[PDB]
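Raw contents of coords15.pdb, PDB, C-alpha atoms (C1' of nucleotides) and all ligand atoms:
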```pdb
ATOM      1  CA  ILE U   1     103.641 148.790 105.974
ATOM      2  CA  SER U   2     104.703 150.297 109.322
ATOM      3  CA  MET U   3     106.939 148.899 112.080
ATOM      4  CA  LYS U   4     103.996 148.902 114.514
ATOM      5  CA  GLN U   5     101.986 146.892 111.968
ATOM      6  CA  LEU U   6     104.945 144.517 111.535
ATOM      7  CA  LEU U   7     105.382 144.163 115.312
ATOM      8  CA  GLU U   8     101.677 143.304 115.669
ATOM      9  CA  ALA U   9     102.049 140.797 112.810
ATOM     10  CA  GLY U  10     104.968 139.054 114.546
ATOM     11  CA  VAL U  11     107.319 139.629 111.592
ATOM     12  CA  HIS U  12     110.142 140.418 114.043
ATOM     13  CA  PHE U  13     109.997 136.930 115.617
ATOM     14  CA  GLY U  14     112.662 134.525 114.318
ATOM     15  CA  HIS U  15     113.759 130.886 114.636
ATOM     16  CA  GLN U  16     115.972 129.562 117.442
ATOM     17  CA  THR U  17     119.617 130.670 117.285
ATOM     18  CA  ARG U  18     120.828 127.086 116.734
ATOM     19  CA  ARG U  19     118.803 126.755 113.504
ATOM     20  CA  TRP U  20     119.851 130.163 112.103
ATOM     21  CA  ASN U  21     121.661 130.782 108.811
ATOM     22  CA  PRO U  22     124.836 132.926 109.266
ATOM     23  CA  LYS U  23     124.279 134.794 105.980
ATOM     24  CA  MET U  24     121.169 136.472 107.445
ATOM     25  CA  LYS U  25     123.123 138.060 110.330
ATOM     26  CA  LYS U  26     122.735 141.565 108.854
ATOM     27  CA  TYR U  27     118.929 141.294 109.035
ATOM     28  CA  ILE U  28     119.035 140.100 112.668
ATOM     29  CA  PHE U  29     118.671 142.917 115.222
ATOM     30  CA  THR U  30     118.980 141.175 118.613
ATOM     31  CA  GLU U  31     118.702 137.790 120.352
ATOM     32  CA  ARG U  32     115.851 137.350 122.858
ATOM     33  CA  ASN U  33     114.839 134.120 124.639
ATOM     34  CA  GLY U  34     117.114 132.082 122.345
ATOM     35  CA  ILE U  35     115.388 133.594 119.285
ATOM     36  CA  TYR U  36     117.000 136.020 116.824
ATOM     37  CA  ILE U  37     114.864 139.115 116.166
ATOM     38  CA  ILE U  38     114.592 140.436 112.592
ATOM     39  CA  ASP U  39     115.377 144.146 112.156
ATOM     40  CA  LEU U  40     112.061 145.755 111.171
ATOM     41  CA  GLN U  41     113.783 148.841 109.706
ATOM     42  CA  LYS U  42     115.536 146.604 107.170
ATOM     43  CA  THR U  43     112.249 144.756 106.580
ATOM     44  CA  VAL U  44     110.301 147.932 105.727
ATOM     45  CA  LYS U  45     112.935 148.976 103.161
ATOM     46  CA  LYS U  46     112.980 145.434 101.743
ATOM     47  CA  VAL U  47     109.165 145.311 101.607
ATOM     48  CA  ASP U  48     109.182 148.552  99.595
ATOM     49  CA  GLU U  49     111.661 147.229  97.004
ATOM     50  CA  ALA U  50     109.674 144.016  96.440
ATOM     51  CA  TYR U  51     106.407 145.991  96.366
ATOM     52  CA  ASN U  52     107.837 148.310  93.697
ATOM     53  CA  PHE U  53     109.120 145.349  91.657
ATOM     54  CA  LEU U  54     105.773 143.526  91.877
ATOM     55  CA  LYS U  55     103.950 146.715  90.859
ATOM     56  CA  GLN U  56     106.380 147.081  87.933
ATOM     57  CA  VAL U  57     105.820 143.497  86.724
ATOM     58  CA  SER U  58     102.056 144.000  87.156
ATOM     59  CA  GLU U  59     102.312 147.251  85.166
ATOM     60  CA  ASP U  60     104.114 145.269  82.447
ATOM     61  CA  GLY U  61     101.302 142.710  82.840
ATOM     62  CA  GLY U  62     103.795 140.034  83.914
ATOM     63  CA  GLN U  63     102.269 136.995  85.628
ATOM     64  CA  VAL U  64     103.177 136.174  89.250
ATOM     65  CA  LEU U  65     103.074 132.767  90.978
ATOM     66  CA  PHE U  66     102.473 132.458  94.738
ATOM     67  CA  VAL U  67     103.876 129.391  96.529
ATOM     68  CA  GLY U  68     102.778 128.566 100.087
ATOM     69  CA  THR U  69     102.692 124.810 100.742
ATOM     70  CA  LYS U  70     103.444 125.713 104.381
ATOM     71  CA  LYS U  71     100.278 125.290 106.469
ATOM     72  CA  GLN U  72     100.385 128.901 107.709
ATOM     73  CA  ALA U  73     100.576 130.334 104.178
ATOM     74  CA  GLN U  74      98.214 127.932 102.369
ATOM     75  CA  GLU U  75      95.076 130.015 102.999
ATOM     76  CA  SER U  76      96.863 133.355 102.524
ATOM     77  CA  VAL U  77      98.461 132.426  99.183
ATOM     78  CA  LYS U  78      95.122 131.239  97.748
ATOM     79  CA  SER U  79      93.135 134.332  98.775
ATOM     80  CA  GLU U  80      95.703 136.969  97.751
ATOM     81  CA  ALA U  81      96.377 135.291  94.393
ATOM     82  CA  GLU U  82      92.638 135.254  93.618
ATOM     83  CA  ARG U  83      92.364 138.922  94.638
ATOM     84  CA  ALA U  84      95.273 139.910  92.375
ATOM     85  CA  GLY U  85      94.128 137.459  89.674
ATOM     86  CA  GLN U  86      97.505 135.697  89.843
ATOM     87  CA  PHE U  87      98.536 132.028  89.936
ATOM     88  CA  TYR U  88      99.093 130.201  93.244
ATOM     89  CA  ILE U  89     100.434 126.865  94.533
ATOM     90  CA  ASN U  90      99.432 125.940  98.101
ATOM     91  CA  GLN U  91      99.362 122.115  98.171
ATOM     92  CA  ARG U  92     102.545 120.662  96.626
ATOM     93  CA  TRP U  93     105.117 121.817  94.062
ATOM     94  CA  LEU U  94     105.302 119.119  91.380
ATOM     95  CA  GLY U  95     108.902 118.553  90.279
ATOM     96  CA  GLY U  96     109.284 120.006  86.780
ATOM     97  CA  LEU U  97     106.337 122.381  87.225
ATOM     98  CA  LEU U  98     108.173 125.037  85.186
ATOM     99  CA  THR U  99     111.118 123.084  83.727
ATOM    100  CA  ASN U 100     108.849 120.249  82.532
ATOM    101  CA  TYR U 101     105.935 122.620  81.835
ATOM    102  CA  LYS U 102     105.599 120.913  78.436
ATOM    103  CA  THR U 103     104.380 117.814  80.300
ATOM    104  CA  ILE U 104     102.602 119.894  82.969
ATOM    105  CA  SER U 105     100.770 121.944  80.313
ATOM    106  CA  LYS U 106      99.169 118.728  79.024
ATOM    107  CA  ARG U 107      97.969 117.993  82.575
ATOM    108  CA  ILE U 108      96.425 121.487  82.714
ATOM    109  CA  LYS U 109      94.673 120.740  79.401
ATOM    110  CA  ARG U 110      93.442 117.421  80.832
ATOM    111  CA  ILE U 111      91.491 119.275  83.546
ATOM    112  CA  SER U 112      89.547 121.144  80.846
ATOM    113  CA  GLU U 113      88.989 117.918  78.876
ATOM    114  CA  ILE U 114      87.514 116.151  81.926
ATOM    115  CA  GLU U 115      85.180 119.122  82.468
ATOM    116  CA  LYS U 116      84.299 119.106  78.753
ATOM    117  CA  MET U 117      83.297 115.423  78.931
ATOM    118  CA  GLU U 118      81.027 116.206  81.906
ATOM    119  CA  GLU U 119      79.539 119.133  79.951
ATOM    120  CA  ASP U 120      79.110 116.847  76.923
ATOM    121  CA  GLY U 121      77.256 114.332  79.115
ATOM    122  CA  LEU U 122      79.556 111.467  78.092
ATOM    123  CA  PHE U 123      79.893 110.843  81.844
ATOM    124  CA  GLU U 124      76.454 109.173  81.991
ATOM    125  CA  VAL U 125      77.287 107.137  78.862
ATOM    126  CA  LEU U 126      80.651 106.041  80.306
ATOM    127  CA  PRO U 127      80.775 102.905  82.550
ATOM    128  CA  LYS U 128      80.374 103.730  86.249
ATOM    129  CA  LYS U 129      83.853 102.396  87.086
ATOM    130  CA  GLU U 130      85.370 104.642  84.395
ATOM    131  CA  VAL U 131      83.414 107.697  85.590
ATOM    132  CA  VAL U 132      84.583 107.210  89.197
ATOM    133  CA  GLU U 133      88.265 106.972  88.203
ATOM    134  CA  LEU U 134      87.864 109.968  85.866
ATOM    135  CA  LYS U 135      86.435 112.055  88.730
ATOM    136  CA  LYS U 136      89.301 110.968  91.002
ATOM    137  CA  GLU U 137      91.846 112.090  88.388
ATOM    138  CA  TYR U 138      90.097 115.465  88.073
ATOM    139  CA  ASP U 139      90.092 116.094  91.838
ATOM    140  CA  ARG U 140      93.822 115.299  92.036
ATOM    141  CA  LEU U 141      94.540 117.642  89.112
ATOM    142  CA  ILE U 142      92.465 120.405  90.748
ATOM    143  CA  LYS U 143      94.238 119.831  94.081
ATOM    144  CA  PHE U 144      97.723 120.460  92.655
ATOM    145  CA  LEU U 145      97.214 122.305  89.345
ATOM    146  CA  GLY U 146      94.055 124.277  90.235
ATOM    147  CA  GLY U 147      95.891 127.538  90.973
ATOM    148  CA  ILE U 148      97.942 127.549  87.747
ATOM    149  CA  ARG U 149      95.131 126.326  85.453
ATOM    150  CA  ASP U 150      94.805 129.817  83.949
ATOM    151  CA  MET U 151      98.594 130.120  83.499
ATOM    152  CA  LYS U 152      99.715 129.335  79.931
ATOM    153  CA  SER U 153     103.233 130.845  80.070
ATOM    154  CA  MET U 154     106.156 131.051  82.509
ATOM    155  CA  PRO U 155     105.330 133.411  85.437
ATOM    156  CA  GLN U 156     107.305 136.662  85.228
ATOM    157  CA  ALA U 157     107.930 136.543  88.999
ATOM    158  CA  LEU U 158     107.507 134.031  91.848
ATOM    159  CA  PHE U 159     106.466 134.796  95.440
ATOM    160  CA  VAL U 160     107.687 132.232  97.998
ATOM    161  CA  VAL U 161     106.554 132.291 101.646
ATOM    162  CA  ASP U 162     109.344 130.006 102.912
ATOM    163  CA  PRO U 163     112.399 129.572 100.604
ATOM    164  CA  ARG U 164     113.844 126.774 102.762
ATOM    165  CA  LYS U 165     110.599 124.777 102.544
ATOM    166  CA  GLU U 166     110.095 125.538  98.832
ATOM    167  CA  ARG U 167     113.567 124.457  97.648
ATOM    168  CA  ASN U 168     112.285 122.934  94.385
ATOM    169  CA  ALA U 169     110.430 126.139  93.461
ATOM    170  CA  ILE U 170     113.562 128.224  94.100
ATOM    171  CA  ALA U 171     115.705 125.831  92.038
ATOM    172  CA  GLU U 172     113.341 125.783  89.041
ATOM    173  CA  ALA U 173     113.013 129.589  89.036
ATOM    174  CA  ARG U 174     116.798 130.071  89.228
ATOM    175  CA  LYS U 175     117.252 127.625  86.329
ATOM    176  CA  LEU U 176     114.712 129.579  84.249
ATOM    177  CA  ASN U 177     116.043 132.973  85.425
ATOM    178  CA  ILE U 178     112.692 134.023  86.927
ATOM    179  CA  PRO U 179     113.023 136.803  89.586
ATOM    180  CA  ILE U 180     112.070 135.555  93.064
ATOM    181  CA  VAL U 181     110.349 137.567  95.802
ATOM    182  CA  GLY U 182     110.361 135.641  99.091
ATOM    183  CA  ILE U 183     109.676 135.880 102.826
ATOM    184  CA  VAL U 184     113.014 134.816 104.340
ATOM    185  CA  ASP U 185     113.202 133.799 108.017
ATOM    186  CA  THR U 186     116.458 133.579 110.003
ATOM    187  CA  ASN U 187     116.911 129.875 109.176
ATOM    188  CA  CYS U 188     116.543 130.478 105.420
ATOM    189  CA  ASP U 189     119.366 131.463 103.034
ATOM    190  CA  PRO U 190     118.835 134.878 101.305
ATOM    191  CA  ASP U 191     121.396 134.525  98.491
ATOM    192  CA  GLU U 192     119.066 132.644  96.122
ATOM    193  CA  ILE U 193     116.062 134.994  96.388
ATOM    194  CA  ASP U 194     116.334 138.119  94.208
ATOM    195  CA  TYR U 195     114.013 140.190  96.431
ATOM    196  CA  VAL U 196     114.325 139.260 100.111
ATOM    197  CA  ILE U 197     111.833 140.313 102.792
ATOM    198  CA  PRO U 198     113.272 139.421 106.256
ATOM    199  CA  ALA U 199     110.243 138.282 108.266
ATOM    200  CA  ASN U 200     108.675 135.483 110.317
ATOM    201  CA  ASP U 201     107.086 132.942 107.958
ATOM    202  CA  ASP U 202     105.742 130.755 110.798
ATOM    203  CA  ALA U 203     102.979 133.252 111.683
ATOM    204  CA  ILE U 204      99.642 133.291 109.816
ATOM    205  CA  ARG U 205      99.260 136.992 110.675
ATOM    206  CA  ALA U 206     102.765 137.798 109.407
ATOM    207  CA  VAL U 207     102.421 135.875 106.130
ATOM    208  CA  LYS U 208      98.961 137.370 105.499
ATOM    209  CA  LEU U 209     100.191 140.954 105.961
ATOM    210  CA  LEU U 210     103.150 140.483 103.604
ATOM    211  CA  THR U 211     101.255 138.527 100.922
ATOM    212  CA  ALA U 212      98.435 141.108 101.010
ATOM    213  CA  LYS U 213     100.903 143.965 100.479
ATOM    214  CA  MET U 214     102.432 142.114  97.517
ATOM    215  CA  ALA U 215      98.935 141.440  96.130
ATOM    216  CA  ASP U 216      98.156 145.159  96.508
ATOM    217  CA  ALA U 217     101.179 146.009  94.329
ATOM    218  CA  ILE U 218      99.856 143.603  91.685
ATOM    219  CA  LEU U 219      96.409 145.206  92.026
ATOM    220  CA  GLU U 220      98.016 148.657  91.711
ATOM    221  CA  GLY U 221      99.741 147.670  88.450
TER     222      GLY U 221
ATOM    223  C1'   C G   1     126.371  78.279  64.600
ATOM    224  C1'   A G   2     123.911  82.075  57.797
ATOM    225  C1'   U G   3     118.197  82.468  58.183
ATOM    226  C1'   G G   4     112.317  83.411  58.040
ATOM    227  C1'   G G   5     108.371  81.034  60.259
ATOM    228  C1'   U G   6     106.965  78.015  64.396
ATOM    229  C1'   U G   7     107.926  76.040  69.591
ATOM    230  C1'   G G   8     109.803  74.803  74.641
ATOM    231  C1'   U G   9     111.804  77.205  79.028
ATOM    232  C1'   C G  10     112.306  80.520  83.428
ATOM    233  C1'   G G  11     106.738  81.578  84.302
ATOM    234  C1'   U G  12     100.917  83.566  83.732
ATOM    235  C1'   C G  13     106.454  85.263  87.312
ATOM    236  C1'   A G  14     105.001  90.671  88.151
ATOM    237  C1'   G G  15     107.798  92.336  85.968
ATOM    238  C1'   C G  16     110.179  95.184  81.768
ATOM    239  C1'   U G  17     110.794  99.939  79.823
ATOM    240  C1'   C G  18     110.510 104.672  77.453
ATOM    241  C1'   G G  19     109.593 110.379  76.615
ATOM    242  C1'   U G  20     110.224 115.066  79.167
ATOM    243  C1'   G G  21     112.242 117.107  83.529
ATOM    244  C1'   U G  22     115.836 116.937  87.359
ATOM    245  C1'   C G  23     120.514 114.922  89.787
ATOM    246  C1'   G G  24     125.578 112.874  88.729
ATOM    247  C1'   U G  25     132.487 114.844  85.576
ATOM    248  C1'   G G  26     130.791 109.976  84.100
ATOM    249  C1'   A G  27     128.970 104.989  83.853
ATOM    250  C1'   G G  28     124.436 105.878  86.084
ATOM    251  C1'   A G  29     120.080 107.512  88.990
ATOM    252  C1'   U G  30     115.107 109.216  89.641
ATOM    253  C1'   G G  31     110.439 107.880  88.047
ATOM    254  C1'   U G  32     109.889 101.983  89.426
ATOM    255  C1'   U G  33     111.967 104.123  96.273
ATOM    256  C1'   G G  34     109.230 104.864 101.025
ATOM    257  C1'   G G  35     104.264 104.072 104.640
ATOM    258  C1'   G G  36     100.113 100.753 104.064
ATOM    259  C1'   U G  37      97.544  97.278 100.695
ATOM    260  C1'   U G  38      96.769  93.449  96.853
ATOM    261  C1'   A G  39      96.668  87.560  93.314
ATOM    262  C1'   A G  40      99.002  91.426  90.884
ATOM    263  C1'   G G  41     104.563  97.462  89.138
ATOM    264  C1'   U G  42      96.777  95.968  92.394
ATOM    265  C1'   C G  43      95.464 100.410  94.609
ATOM    266  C1'   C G  44      96.105 104.410  97.979
ATOM    267  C1'   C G  45      99.063 108.076 100.404
ATOM    268  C1'   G G  46     103.606 110.639 100.538
ATOM    269  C1'   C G  47     107.667 111.805  97.222
ATOM    270  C1'   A G  48     112.051 115.749  91.606
ATOM    271  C1'   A G  49     109.487 113.831  89.441
ATOM    272  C1'   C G  50     105.392 114.527  85.574
ATOM    273  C1'   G G  51     103.493 111.275  82.227
ATOM    274  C1'   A G  52     103.255 107.014  78.866
ATOM    275  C1'   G G  53     103.757 102.013  76.835
ATOM    276  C1'   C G  54     104.177  96.434  76.954
ATOM    277  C1'   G G  55     102.885  93.162  80.817
ATOM    278  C1'   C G  56      98.428  92.670  85.601
ATOM    279  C1'   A G  57      93.231  93.151  85.633
ATOM    280  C1'   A G  58      89.063  93.540  82.433
ATOM    281  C1'   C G  59      86.799  92.549  77.507
ATOM    282  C1'   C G  60      86.284  86.290  75.235
ATOM    283  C1'   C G  61      84.943  80.660  75.892
ATOM    284  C1'   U G  62      82.915  77.156  79.229
ATOM    285  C1'   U G  63      80.407  75.935  84.179
ATOM    286  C1'   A G  64      76.883  77.159  88.604
ATOM    287  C1'   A G  65      70.584  80.682  89.009
ATOM    288  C1'   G G  66      66.336  83.113  86.696
ATOM    289  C1'   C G  67      63.234  85.793  82.822
ATOM    290  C1'   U G  68      61.321  86.369  77.640
ATOM    291  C1'   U G  69      60.899  84.000  72.737
ATOM    292  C1'   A G  70      60.197  79.150  70.428
ATOM    293  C1'   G G  71      58.570  74.036  70.736
ATOM    294  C1'   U G  72      60.554  69.227  67.034
ATOM    295  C1'   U G  73      63.153  64.777  66.085
ATOM    296  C1'   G G  74      62.900  67.304  72.864
ATOM    297  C1'   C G  75      59.532  66.735  77.339
ATOM    298  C1'   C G  76      54.766  64.296  79.410
ATOM    299  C1'   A G  77      51.558  67.195  84.643
ATOM    300  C1'   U G  78      46.810  67.389  83.264
ATOM    301  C1'   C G  79      43.322  62.350  80.305
ATOM    302  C1'   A G  80      42.508  58.396  76.749
ATOM    303  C1'   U G  81      45.776  54.790  74.651
ATOM    304  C1'   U G  82      50.281  51.401  73.927
TER     305        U G  82
HETATM  306 MG    MG U 301     112.268  97.098  88.351
HETATM  307 MG    MG U 302      99.777  98.813  86.077
HETATM  308 MG    MG U 303      94.682  88.540  81.498
END
```
I'd like the structure from this file rewritten - as C-alpha cells, please.
Ligand SMILES: [Mg+2]
Ligand SMILES: [Mg+2]
Ligand SMILES: [Mg+2]
Amino acid sequence: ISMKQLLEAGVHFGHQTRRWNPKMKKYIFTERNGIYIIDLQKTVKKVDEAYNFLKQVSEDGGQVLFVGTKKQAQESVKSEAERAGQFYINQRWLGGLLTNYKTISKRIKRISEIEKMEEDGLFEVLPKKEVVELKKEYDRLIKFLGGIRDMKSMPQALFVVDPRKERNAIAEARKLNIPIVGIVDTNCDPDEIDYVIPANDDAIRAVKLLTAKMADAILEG
RNA sequence: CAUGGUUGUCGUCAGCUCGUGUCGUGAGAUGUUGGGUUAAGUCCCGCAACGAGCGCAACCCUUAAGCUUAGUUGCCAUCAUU
C-alpha cells in the first residue's frame, strides 16, 4: 500500500484524544481537531510485516480466521475471506469458539446433518412444527458458524479488525498461542496483538483496503 | 432412628442440574443473568458461554361437532298392526 492510498482510505484518522490508549503513542503522529493522527510511515512498515507473515502462513497452508463483528468490517471480512478461501466471523464471536471447539465442532457437524435431512427428504415426513424449529436452528447456526463451517482445525492465524471490540477473540487466541494480526486504532491496546497495523477501524474504506491487502497475501501464498 | 418397597407433603410449584469452555488464590460463578413474553427455566432477542438432561408442554383417557363402516338385543320417519 502507499501513503496516498492510506490517506484516501482514512487510515490516518484516529479516535478522540480522551479515549486514546497511552501505549499507542509511538504510532500517533499529531493531534488535529481533538483527534490523534496515526503515523502512516509506521503503518506502511507494519502492513508489510503482517502481509509477509500472512503470505508465509498461506505458503505453509495455514488457515486464517477473519473477525469483523463491527458493522464497518462485517461486509469486508466476509468478502475477503471468501476470496482467499479462509474462515470468517462477522456476526458474533461465540465464547469458547476455539477453546471449546470440541463443543463447537459438534455444532458445525449439526449444520451438515440438518442439510442432510433436507436432502434425504425426511423434512416432508417430519411434523410441520418439527420442520419449522429445525429450519430455525439451521438459520441460527448459519448466522454464527457459517464462516467457519469449512474449518476443522485451529486457525494458524487470526485477523481482527478491532481488537478492543473483539476482546473474546483476542483472549482465546492468546490462550491457544495463535498469532494475531489486527487493525489497531488509537483507543485499542497493541500489546496483545502479535502483528499490529496502526489504522482507523471505524472507516469502511480503511478496513476494506487493509483486509484486501491481507487477503492478497493469502492469495499469493 | 438398621432397611427394601409403598405413600403424604411443599406443589403440578417452575424449578433442579450436569458436561465442556471461561472467570475467581479459593469457597464459588457463568450458563440459569438482562430486554420483552408466557400457564410455564414458554419462547424470542441480546449475552463467555456452547450444549445437554430431569422437570414444562406435547404424546394418553374422558367430554363438546361431523364423515365412512355396521345394524341387534339399539332406533322407528316412511305404512299396516299392538
Ligand atoms: Mg435457579
Ligand atoms: Mg425447557
Ligand atoms: Mg405434562
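The interatomic distance for the pair atom CA of residue 211 of chain U and atom CA of residue 35 of chain U works out to 23.7 Å.
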>> Just want the residues within 12 Å of ligand MG 303 (chain U), written as a list in words, counting all atoms listed in the file.
In response: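 I would give the residues around ligand MG 303 (chain U) as residues 12, 40, 55, 56, 57, 58, 59 and 60 of chain G.
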> Near residue 182 of chain U, counting all atoms listed in the file, which residues have an atom at most 7 Å away, once you skip same-chain residues fewer than 2 positions from it, shown as a ChimeraX atom specification?
Replying inline: /U:159-163,180,184,193,195-197
Using all atoms listed in the file, determine which residues of chain U fall within 6 Å of chain G; present them as a compact mmCIF listing (two decimals) with C-alpha atoms, in the frame of the given file.
```txt
# COMPACT_ATOMS: atom_id res chain seq x y z
CA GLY U 95 108.90 118.55 90.28
CA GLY U 96 109.28 120.01 86.78
CA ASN U 100 108.85 120.25 82.53
```
Please give me, as a PDB file with C-alpha atoms (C1' of nucleotides), in the coordinates of the input, the residues lying within 12 Å of ligand MG 302 (chain U) when counting all atoms listed in the file.
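And here is the file that came out, result_14.pdb:
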```
ATOM      1  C1'   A G  14     105.001  90.671  88.151  1.00  0.00           C
ATOM      2  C1'   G G  15     107.798  92.336  85.968  1.00  0.00           C
ATOM      3  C1'   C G  16     110.179  95.184  81.768  1.00  0.00           C
ATOM      4  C1'   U G  32     109.889 101.983  89.426  1.00  0.00           C
ATOM      5  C1'   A G  40      99.002  91.426  90.884  1.00  0.00           C
ATOM      6  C1'   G G  41     104.563  97.462  89.138  1.00  0.00           C
ATOM      7  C1'   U G  42      96.777  95.968  92.394  1.00  0.00           C
ATOM      8  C1'   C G  43      95.464 100.410  94.609  1.00  0.00           C
ATOM      9  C1'   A G  52     103.255 107.014  78.866  1.00  0.00           C
ATOM     10  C1'   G G  53     103.757 102.013  76.835  1.00  0.00           C
ATOM     11  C1'   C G  54     104.177  96.434  76.954  1.00  0.00           C
ATOM     12  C1'   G G  55     102.885  93.162  80.817  1.00  0.00           C
ATOM     13  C1'   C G  56      98.428  92.670  85.601  1.00  0.00           C
ATOM     14  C1'   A G  57      93.231  93.151  85.633  1.00  0.00           C
TER      15        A G  57
END
```
